[PDB]
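Worksheet: one structure, shown below.
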Amino acid sequence: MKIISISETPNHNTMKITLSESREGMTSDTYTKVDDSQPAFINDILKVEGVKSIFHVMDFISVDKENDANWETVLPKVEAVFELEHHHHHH
């Protein structure tokens, strides 16, 4: 559940993220304006300049950006999402 493998596609505006899950399918929704019961960590991605929108479905996620932007710029931010310490802050 933290980027396991990417996939090549004719275009380069949006790539699919492979999850550690398979078959069945986890969540499935489109995020174009934040708020949708998604992980706050993903809110960053949407709020991260360069990103256009996100589409969650089956056991993968399609992240689209702006042709004007790049990946090497957005990636560093995306990695932070599934990499920032996992705990249940409660004290």
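In the structure tokens, chains take letters A, B, ... by order of appearance, with residues numbered from 1 within each chain and ligands from 1 in the order shown.
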Taking only chain A into account, list the residues labelled strand (DSSP E) by DSSP (computed from the backbone), as a PyMOL selection string.
chain A and resi 14-18+29-31+51-57+60-65
Within 7 Å of residue 18 of chain A, counting only C-alpha atoms, which residues qualify if same-chain residues fewer than 6 places away don't, as an NGL selection string?
:A and (3-6 or 60)
Nearest to residue 59 of chain A: which of A:13, A:47, A:8, A:21 is it, counting only C-alpha atoms?
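Result for the nearest residue to residue 59 of chain A: A:21.
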For residue 77 of chain A, work out the shell of residues within 9 Å, counting only C-alpha atoms and skipping chain neighbours fewer than 5 positions away, then give it as number ranges by chain.
A: 44-45, 48
Dump C-alpha atoms for the selected residues as a CSV table (one decimal), in the first residue's frame?
chain,number,residue,atom,x,y,z
A,44,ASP,CA,-1.8,17.1,-0.4
A,45,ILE,CA,-1.4,15.6,-3.8
A,48,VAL,CA,0.2,20.0,-4.8
So which residues touch residue 61 of chain A within 12 Å, counting only C-alpha atoms, skipping near sequence neighbours fewer than 3 positions away, as a PyMOL selection string?
chain A and resi 1-7+14-21+25-31+42+53-58+64
So, counting only C-alpha atoms, which residue among A:69, A:11, A:74, A:41 is closest to residue 86 of chain A?
A:41
Taking the DSSP assignment computed from this structure's backbone, write out as a PyMOL selection string all residues of chain A that belong to alpha helix (DSSP H).
chain A and resi 40-47+71-81
Selection export as a PDB file, in the first residue's frame, atoms kept: N, CA and C atoms:
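Final output, part-v4.pdb:
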ATOM      1  N   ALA A  40      -6.100  12.061   4.077  1.00  0.00           N
ATOM      2  CA  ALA A  40      -5.610  13.437   4.099  1.00  0.00           C
ATOM      3  C   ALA A  40      -4.317  13.551   3.299  1.00  0.00           C
ATOM      4  N   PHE A  41      -3.485  12.517   3.392  1.00  0.00           N
ATOM      5  CA  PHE A  41      -2.217  12.492   2.671  1.00  0.00           C
ATOM      6  C   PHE A  41      -2.439  12.734   1.176  1.00  0.00           C
ATOM      7  N   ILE A  42      -3.576  12.259   0.662  1.00  0.00           N
ATOM      8  CA  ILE A  42      -3.898  12.430  -0.754  1.00  0.00           C
ATOM      9  C   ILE A  42      -4.383  13.851  -1.022  1.00  0.00           C
ATOM     10  N   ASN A  43      -4.895  14.515   0.012  1.00  0.00           N
ATOM     11  CA  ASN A  43      -5.357  15.884  -0.146  1.00  0.00           C
ATOM     12  C   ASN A  43      -4.177  16.739  -0.579  1.00  0.00           C
ATOM     13  N   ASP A  44      -3.004  16.401  -0.045  1.00  0.00           N
ATOM     14  CA  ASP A  44      -1.781  17.108  -0.393  1.00  0.00           C
ATOM     15  C   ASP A  44      -1.552  17.022  -1.897  1.00  0.00           C
ATOM     16  N   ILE A  45      -1.597  15.796  -2.420  1.00  0.00           N
ATOM     17  CA  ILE A  45      -1.401  15.560  -3.849  1.00  0.00           C
ATOM     18  C   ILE A  45      -2.297  16.477  -4.678  1.00  0.00           C
ATOM     19  N   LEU A  46      -3.583  16.504  -4.341  1.00  0.00           N
ATOM     20  CA  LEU A  46      -4.535  17.344  -5.060  1.00  0.00           C
ATOM     21  C   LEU A  46      -4.174  18.818  -4.903  1.00  0.00           C
ATOM     22  N   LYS A  47      -3.703  19.184  -3.712  1.00  0.00           N
ATOM     23  CA  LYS A  47      -3.328  20.567  -3.437  1.00  0.00           C
ATOM     24  C   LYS A  47      -1.907  20.858  -3.921  1.00  0.00           C
ATOM     25  N   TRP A  71       6.789  15.079 -13.636  1.00  0.00           N
ATOM     26  CA  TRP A  71       6.603  14.042 -12.627  1.00  0.00           C
ATOM     27  C   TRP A  71       7.684  14.151 -11.556  1.00  0.00           C
ATOM     28  N   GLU A  72       8.929  14.295 -11.999  1.00  0.00           N
ATOM     29  CA  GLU A  72      10.067  14.408 -11.083  1.00  0.00           C
ATOM     30  C   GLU A  72       9.843  15.516 -10.056  1.00  0.00           C
ATOM     31  N   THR A  73       8.964  16.457 -10.386  1.00  0.00           N
ATOM     32  CA  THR A  73       8.660  17.568  -9.490  1.00  0.00           C
ATOM     33  C   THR A  73       7.565  17.168  -8.508  1.00  0.00           C
ATOM     34  N   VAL A  74       6.546  16.505  -9.034  1.00  0.00           N
ATOM     35  CA  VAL A  74       5.406  16.070  -8.236  1.00  0.00           C
ATOM     36  C   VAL A  74       5.725  14.803  -7.429  1.00  0.00           C
ATOM     37  N   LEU A  75       6.489  13.890  -8.028  1.00  0.00           N
ATOM     38  CA  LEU A  75       6.838  12.627  -7.370  1.00  0.00           C
ATOM     39  C   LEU A  75       7.328  12.841  -5.935  1.00  0.00           C
ATOM     40  N   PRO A  76       8.363  13.625  -5.736  1.00  0.00           N
ATOM     41  CA  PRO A  76       8.916  13.891  -4.377  1.00  0.00           C
ATOM     42  C   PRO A  76       7.817  14.169  -3.350  1.00  0.00           C
ATOM     43  N   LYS A  77       6.724  14.779  -3.805  1.00  0.00           N
ATOM     44  CA  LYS A  77       5.604  15.087  -2.920  1.00  0.00           C
ATOM     45  C   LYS A  77       4.720  13.855  -2.739  1.00  0.00           C
ATOM     46  N   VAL A  78       4.493  13.132  -3.834  1.00  0.00           N
ATOM     47  CA  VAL A  78       3.663  11.930  -3.802  1.00  0.00           C
ATOM     48  C   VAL A  78       4.255  10.885  -2.858  1.00  0.00           C
ATOM     49  N   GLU A  79       5.566  10.678  -2.955  1.00  0.00           N
ATOM     50  CA  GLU A  79       6.245   9.702  -2.105  1.00  0.00           C
ATOM     51  C   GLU A  79       5.946   9.975  -0.631  1.00  0.00           C
ATOM     52  N   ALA A  80       5.945  11.254  -0.268  1.00  0.00           N
ATOM     53  CA  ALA A  80       5.676  11.664   1.108  1.00  0.00           C
ATOM     54  C   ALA A  80       4.341  11.112   1.603  1.00  0.00           C
ATOM     55  N   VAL A  81       3.378  10.986   0.692  1.00  0.00           N
ATOM     56  CA  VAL A  81       2.051  10.483   1.049  1.00  0.00           C
ATOM     57  C   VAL A  81       2.148   9.102   1.701  1.00  0.00           C
TER      58      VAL A  81
END
